[PDB]
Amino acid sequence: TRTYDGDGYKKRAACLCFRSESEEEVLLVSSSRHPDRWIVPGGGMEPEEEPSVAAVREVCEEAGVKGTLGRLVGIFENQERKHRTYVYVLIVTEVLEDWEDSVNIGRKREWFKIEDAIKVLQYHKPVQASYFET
């Protein structure tokens, strides 16, 4: 069930899933519709779902990782697609081998240096590239 702010923007949550507290390497996942593209794992908040809970749930489903939830980075609008996304830091402590989207749609995941994550997000996902700007 998709949820919306009062202005009709889709409510989303995502995590910057870092390999370590150094925040040098981040986990991206393949696009479901376009598997040759990389995106930040995240997705729609459910009714009455806290954004931090939605963020952790979505990165479990999409990326097959768990870890220590860190700070809210910010709230990022996508004016073109009418999304409003809460973005959190997650320090990955668990990497699971056969996760929901790997089983269901063969979703891929890969570690990127921050600079390279920004590079591969820029063309299709410039708002997700901006998640890293701070």
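Numbering starts at 1 and runs along the sequence shown.
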{"query": "Entry-level comparison of average CA B-factors, 100 to 108 and 73 to 81, reporting the higher stretch", "finding": "100 to 108"}
{"query": "Between the two ranges 43 to 51 and 85 to 93, the one averaging a larger CA B factor in the entry", "finding": "43 to 51"}
{"query": "Assigned third (lowest, middle, highest) for the C-alpha B factor of residue 130", "finding": "middle"}
{"query": "Residue 12, C-alpha B-factor rank within chain (lowest, middle or highest third)", "finding": "lowest"}
